[PDB]
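A lone chain, given as structure tokens: the form deposited in one PDB entry.
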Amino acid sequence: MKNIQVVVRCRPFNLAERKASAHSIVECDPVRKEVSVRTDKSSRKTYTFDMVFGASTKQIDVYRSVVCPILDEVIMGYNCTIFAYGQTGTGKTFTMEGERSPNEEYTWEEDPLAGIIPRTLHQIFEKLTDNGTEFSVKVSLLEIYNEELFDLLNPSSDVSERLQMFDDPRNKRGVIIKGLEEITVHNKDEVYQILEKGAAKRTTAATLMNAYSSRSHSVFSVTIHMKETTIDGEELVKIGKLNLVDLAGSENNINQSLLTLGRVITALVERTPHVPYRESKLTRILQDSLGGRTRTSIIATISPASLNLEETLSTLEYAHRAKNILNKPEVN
């Protein structure tokens, strides 16, 4: 019924990466939707994708191109998932979250470094406010490290108080995180405080665990309840859910969820009977995002530099096979 959308976003060279060559090692053609990696010397591999975003691609463009459509399907009542996959330092967190621009030069609302989450949560209150709907928005931020489950929006618990997971009685292909805080967002003003607090707790989590950013998987969920009255006089309810996932660096028990994600994707595309969803917290959590009833997009992030060429290639081969996975999306 529907393929997994795969897009690529390359970042500019960072201060560490040396550009030796006259012309690029990685080229991004947004018209042909291709990436070409130069690796003999006139020798290459070209990969085709659904969208391609080059080094100069601004945040607002990633949002417009990728998320605004997905946010329409969410409002129809589809479950949607976007995950960022790639090497540490390529821009997964910059894409899904973004960064904050110093000393109040921009309201969070206008910040050019703002990423998907903050923009998406702004837009929900604009789109839904005057589309006639009567609605509620609730969000949760969960992170997975060393197969353990940390809640970053819990206002009160020690961040080292980790949560449990069991199979959802009303969804053969999902789970429930017992105790996970779901915060009701009453309007766009409450959004910053909630996300700020979220990012603060993370900092705390970082001090306790080794290389936590790179090894952590982050799952931010927004859920929209929308109720409505039909011409026949009934009461139609639909539940949108959007999963914005920032994955552990492709390069990596610490790695069980990333390993298992690979094994799931491999199984799916090669059409093997057993897809081991159950072998990791992540793949148990996203089971439905990966050959199930969810609309899934991946944003594979890459470097343009020779230093990280091999992880870039890996990341390309890996995201490219994921286009072959078929989901069956369904609403309510």
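Heads up, when I say rigid core I mean the largest set of C-alphas that superpose within 1.5 Å between the two forms. Note that residue numbering begins at 1 and tracks the sequence as displayed.
Only in words, not in the display: the form deposited in another entry, which the text now covers.
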Self-check item: CA of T184, rigid core aligned, shift of 2 Å or more between this form and the one not shown
Solution: no
Quiz item: Using the core for the fit, does the CA position of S157 change by 2 Å or more between this form and the one not shown?
Solution: yes
Practice problem: Given a change of 3 Å or more, say if the Cα atoms of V7 and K19 sit closer or farther in the other entry than in this form. | Solution: farther
Quiz item: Any idea whether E27 and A20 get closer or farther by CA distance in the other entry, knowing it moves 3 angstroms or more?
Solution: farther
